[PDB]
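Enquirer: okay, here's the opening piece of the assembly, coordinates as they are in the complex:
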Amino acid sequence: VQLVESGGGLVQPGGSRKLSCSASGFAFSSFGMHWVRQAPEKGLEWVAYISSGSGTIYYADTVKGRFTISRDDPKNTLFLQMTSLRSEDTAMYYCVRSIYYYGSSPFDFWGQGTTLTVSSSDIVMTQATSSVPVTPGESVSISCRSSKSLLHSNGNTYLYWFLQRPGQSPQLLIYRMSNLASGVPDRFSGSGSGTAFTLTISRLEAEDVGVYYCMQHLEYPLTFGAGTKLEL
């Protein structure tokens, strides 16, 4: 599995180029795609999503009617076209894959992302603490509060957790509410009630340190959190 992106650099307002992401290592024709922005030393936010087979497309209301997404199954590529960019779009971009069926784990492989520099209601998720100092060998609990009950009539919530280490793209920890992802050690655990949720770590290592993000998936206008920095 590999996703490599290109098409970023120094761009002046008024016109912009196209971001192209190429996939190699999986069945691209059966995976939905998401684009995720990441402002410098800030929080990351959702941009756009396209379904399998280009059936259904969703954009964020901040760039609604301004950005365009497209797929190409014969070469397994994804294109994002921007007509005109302001001075507030300089950020990092990631192309994430996700498949939706009973028992699946969306947002499994994020990628690497490409930078873009420009020369010059919805659920509100709030993180409890911006930064917490912790020495290795301590059980740590990070809490994320929501503005609405994410528990649906079916019986499962839709609050995902992501861990981002300094110098590389984030990764998934626990999909839905508490089920552990594949490849993640069993030290991480998650729980909640329906409005405020928590993630607990039993023993903390030197390799498990970074920023923790909580995301909701109840409605298609996805939104992330401010971010909880974990320091040595």
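Expert: In hand now; what should we look at? Numbers count the residues shown, from 1 in each chain, chains lettered A, B, ... in the order given.

Enquirer: nearest spatial neighbour of residue A:221, skipping sequence neighbours?
Expert: Spatially, and ignoring its direct neighbours in sequence, residue A:221 is nearest to residue A:122 (5.0 Å; C-beta to C-beta, 6 or more residues apart in numbering). Every C-beta, even on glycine, is put in place using the N, C-alpha and C of the backbone.

Enquirer: ok, that neighbour - how many residues close by?
Expert: Other residues near residue A:122 come to 13 when the count uses other C-beta atoms under 10 Å.

Enquirer: check contacts around it.
Expert: For residue A:122, the contacting residues are A:219, A:221, A:223, by C-beta atoms under 8 Å, 6 or more residues apart in numbering.

Enquirer: how about 10 Å then?
Expert: Applying C-beta atoms under 10 Å, 6 or more residues apart in numbering to residue A:122 gives the contacts A:60, A:61, A:147, A:148, A:216, A:219, A:221, A:222, A:223.

Enquirer: next one: residue A:40
Expert: A:90, A:91, A:92, A:115, A:117.

Enquirer: ok, now with 7 Å
Expert: Residue A:40 makes contacts with residue A:91, as judged by C-beta atoms under 7 Å, 6 or more residues apart in numbering.

Enquirer: quick one, phi/psi of it?
Expert: Taking degrees, to the nearest 10, you get phi -70, psi 140 for the backbone angles of residue A:40.

Enquirer: what residue lies at the spatial centre of chain A?
Expert: With distances taken as C-alpha atoms, centre = their mean, residue A:36 lies nearest the centre of chain A, 5.9 Å away.

Enquirer: buried ones in the helix or strand containing that one?
Expert: Assigned by DSSP states H and E, residue A:36 belongs to strand A:32-38. By neighbour count on 16 or more other C-beta atoms under 10 Å, the buried set for strand A:32-38 is A:32, A:33, A:34, A:35, A:36, A:37, A:38.

Enquirer: from those, which is closest to residue A:99?
Expert: residue A:32 (6.6 Å; C-beta to C-beta).

Enquirer: skip the chain neighbours and tell me the closest residue to residue A:82.
Expert: residue A:16 (4.3 Å).

Enquirer: still on that earlier bit, buried among the contacts of residue A:122? Make that a ChimeraX selection.
Expert: In ChimeraX, this line selects whichever of the contacts of residue A:122 come out buried by 16+ other C-beta under 10 Å:
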select /A:60,216,222,223
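
Enquirer: here's chain B, drop it onto the model above:
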Amino acid sequence: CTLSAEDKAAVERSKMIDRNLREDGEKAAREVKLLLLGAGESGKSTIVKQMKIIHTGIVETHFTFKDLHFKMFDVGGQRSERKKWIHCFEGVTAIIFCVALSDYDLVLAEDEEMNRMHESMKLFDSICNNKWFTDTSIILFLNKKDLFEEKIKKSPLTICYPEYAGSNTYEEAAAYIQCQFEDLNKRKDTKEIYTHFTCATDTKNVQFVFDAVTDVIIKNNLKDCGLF
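Expert: That brings us to chain B, laid onto the chains above:
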């Protein structure tokens, strides 16, 4: 509806799955499928090698002729009881049957007083009068004819059939064998038996199979519209 966000994405996947199922269902429904039956050495290998070929247990041979795709199922390696796995072939267009004419003065193995020709006749009687193949036509092939002539001119036909009044030559003997094989058909008003004598050239055999399949298709289409 009341579905959640990622629940509607799962319904979209089921629609594409059903679409791919329906698309593949209309592609494999426009090709002819036919079974192949016969005794051990009735020239079944000779038949499958002679006819056009592009392709332990069941063996499938796929070929094409005149914009028609024929699949041929050769259930010859199944030593189990034929009663249990025969209903899997209920939906089929034709049943090729291989019979050897020269295999009439050759007595069976592991026995000396039962004739191979009578065994083939009994097998044909068991296949044609089955409760599953009560509507499918039957195509019958007489593979070996030169050896049959050379054996019938040196050895009379009365060895296999005890009641025969004709002379010992090939012409009327072939018609007598064909009449004896076609009479073992209780359902004489629903299915037809297309008899052929296998020759050395591929084109005649394939053309006969194609003509029989076309006749079966025309009859089925006329039965569909209530016009026959």
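
Enquirer: please look at the contacts of residue A:122 again, because chain B has been put in.
Expert: A:221, A:223 (C-beta atoms under 7 Å, 6 or more residues apart in numbering or on different chains).

Enquirer: tell me which element it is part of?
Expert: Here residue A:122 is assigned to no helix or strand, by DSSP H and E.

Enquirer: also the one 10 residues further on?
Expert: Counting by DSSP H and E, the element that carries residue A:132 is strand A:131-133.

Enquirer: what's the following helix or strand after that strand?
Expert: Assigned by DSSP H and E, the successor of strand A:131-133 is strand A:140-145.

Enquirer: ok, residues contacting that next one?
Expert: In contact with strand A:140-145 (C-beta under 7 Å, 6+ apart) are residues A:125-128, A:134, A:195-201, A:204, A:212, A:214, A:225, A:228.

Enquirer: got the buried residues for it?
Expert: Neighbour counts using 16 or more other C-beta atoms under 10 Å in any protein chain shown place A:140, A:142, A:143, A:144 of strand A:140-145 among the buried residues.

Enquirer: likewise stretch B:77-97?
Expert: B:86, B:89, B:92, B:93, B:94, B:95, B:96, B:97.

Enquirer: who's in contact with the fourth one?
Expert: To tie it back to what came earlier, the one meant is residue B:93. Here residue B:93 is in contact with B:32, B:33, B:34, B:213, B:216 (criterion: C-beta under 7 Å, 6+ apart).

Enquirer: show the buried residues in those residues.
Expert: Among the contacts of residue B:93, the ones that count as buried by 16+ other C-beta under 10 Å are B:32, B:33, B:34, B:213, B:216.

Enquirer: so which residue of chain B comes closest to chain A?
Expert: residue B:9 (3.7 Å; C-beta to the nearest C-beta).

Enquirer: on that earlier part again, which members of the buried ones among the contacts of residue B:93 are the farthest-apart pair?
Expert: Using C-beta to C-beta, the buried ones among the contacts of residue B:93 span at most 11.7 Å, a distance reached by B:33 and B:216.

Enquirer: near chain A, which residues of chain B show up?
Expert: Taking C-beta under 7 Å from any C-beta of the partner chain, the part of chain B that reaches chain A is made up of B:2, B:4, B:5, B:6, B:9, B:10, B:12, B:13, B:16.

Enquirer: name the residues of chain A found near chain B, please.
Expert: So chain A meets chain B at A:32, A:51-53, A:55-56, A:100-102, A:106, A:152-154, A:158, A:217-220 (C-beta under 7 Å from any C-beta).

Enquirer: out of the residues of chain B next to chain A, the closest to residue A:182 would be?
Expert: Closest to residue A:182, out of all of the residues of chain B next to chain A and judged by C-beta to C-beta, is residue B:6, at 18.4 Å.

Enquirer: put chain C onto that model:
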Amino acid sequence: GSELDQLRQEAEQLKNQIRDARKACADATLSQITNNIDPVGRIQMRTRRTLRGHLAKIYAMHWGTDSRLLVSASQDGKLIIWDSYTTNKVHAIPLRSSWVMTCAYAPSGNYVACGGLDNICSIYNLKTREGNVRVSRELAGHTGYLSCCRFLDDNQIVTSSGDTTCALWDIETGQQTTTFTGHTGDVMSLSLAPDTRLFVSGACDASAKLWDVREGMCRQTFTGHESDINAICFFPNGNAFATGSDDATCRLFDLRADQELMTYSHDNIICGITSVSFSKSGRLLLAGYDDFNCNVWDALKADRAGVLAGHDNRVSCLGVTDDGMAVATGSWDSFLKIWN
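Expert: One more piece, chain C, placed on the ones above:
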């Protein structure tokens, strides 16, 4: 050759002694004891879901251990995985040869096994890194066609083939570890015990046998049928099992006392049985007859207490879920139906 007839008379005398010792330990029938209990009045079961999408006959259906997902096999070459609650499909695994007669679901929900007429058992993996479904293993060591296969564990599988034999394999190495022989006819159905240490297999000539997977030999044999055996299912307790047939008669045998207990036969049915399944508590014995409908035969009273007549062709498979909430029936009309 006097050794031959000597051994024949020895075997006949041994069988006569076994029969006399078996019948001698019987004192009262099961129907006589269960004569002071109140039977169920009427089991009125109505259809809930109708899983459609197949385009040919249906020969195999299995329930998952989570009581939510099921797997179905058909002649068109598909192995669709159905979600029982929302009717949606999860996978559309194709097959190499479109001649299949059995299917199974792993107890962990990772792999799916499937046999067929090509005497080859294919094991597919469902939890791969990619989005497709690959063929994890392809076991080929049988001569006759495979009729049934069950996942004894995530790494071991036991199959019963058409050449009068059964085999317990090892998936990772690909070669069979144990071979059970002794049947004189085509073994066409087997069932694993709830504790997965013994199992039963019914041949094609009025006989059933109980095997242990550890030693690999036949412990007891059960007879009493006339035509043949067509389906077998353990009792939830694990000390008895129900055996179907083709002569419109199913029976209940006991393992501790190797003797028949009850038979569920009616004079209004002259059609065979294809599938036999129990209930969650072992009180309702569902049987699928090939006369276009099923039955809800009572286990302890041998009296019919319901008919699931909502089918258009011969029912070829039926299965009760793990928690006993609903039952799934699949017939030759390409339509699965859920009853609750």
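
Enquirer: same question on the contacts of residue A:122, but with chain C included?
Expert: By C-beta under 7 Å, 6+ apart, the neighbours of residue A:122 are A:221, A:223.

Enquirer: one more time with 8 Å
Expert: Applying C-beta atoms under 8 Å, 6 or more residues apart in numbering or on different chains, we find residue A:122 in contact with A:219, A:221, A:223.

Enquirer: relative to residue A:61, how far out is it?
Expert: Using C-beta to C-beta, to the nearest Å, residue A:122 is found at 8 Å from residue A:61.

Enquirer: now swap in residue B:100 and tell me
Expert: On the measure of C-beta to C-beta, residue B:100 and residue A:61 end up 80 Å apart.

Enquirer: swap in residue C:271?
Expert: Taken as C-beta to C-beta, the span from residue C:271 to residue A:61 is 64 Å.

Enquirer: swap in residue A:10?
Expert: Distance, residue A:10 to residue A:61, by C-beta to C-beta: 28 Å.

Enquirer: show me which residues of chain A sit near chain C.
Expert: A:1, A:25, A:26, A:27, A:30, A:31, A:99, A:101, A:102 (C-beta under 8 Å from any C-beta of the partner chain).

Enquirer: cool, chain B as well?
Expert: Residues of chain B lying near chain C (C-beta under 8 Å from any C-beta): B:10-11, B:13-14, B:17-18, B:20-21, B:25, B:28-29, B:56-58, B:60, B:78-81, B:84-85, B:88, B:91.

Enquirer: can you list which of those are found in helices?
Expert: Counted as lying in helices by DSSP state H, out of these, are B:10, B:11, B:13, B:14, B:17, B:18, B:20, B:21, B:25.

Enquirer: ok, the strand holding residue A:132: who's next to it in the sheet?
Expert: strand A:228-231 (parallel) (DSSP bridges).

Enquirer: list the buried residues in stretch A:76-87.
Expert: A:76, A:78, A:80, A:82, A:85.

Enquirer: and the strands in the stretch 51-200 of chain C?
Expert: Here the stretch 51-200 of chain C has its strands, by DSSP state E, counting those that start in this stretch, at C:58-63, C:69-74, C:78-83, C:89-94, C:103-105, C:111-114, C:121-125, C:134-139, C:146-151, C:157-161, C:165-169, C:176-181, C:189-192, C:198-202.

Enquirer: ditto for chain B
Expert: B:32-38, B:59-64, B:69-74, B:94-99, B:137-142, B:193-197 (DSSP state E).

Enquirer: any idea how far the residue in chain A that chain B sits nearest to lies from residue B:13?
Expert: For chain A and chain B, the shortest gap (C-beta to the nearest C-beta) falls at residue A:100, measuring 3.7 Å. Separation of residue A:100 from residue B:13 (C-beta to C-beta): 7 Å.
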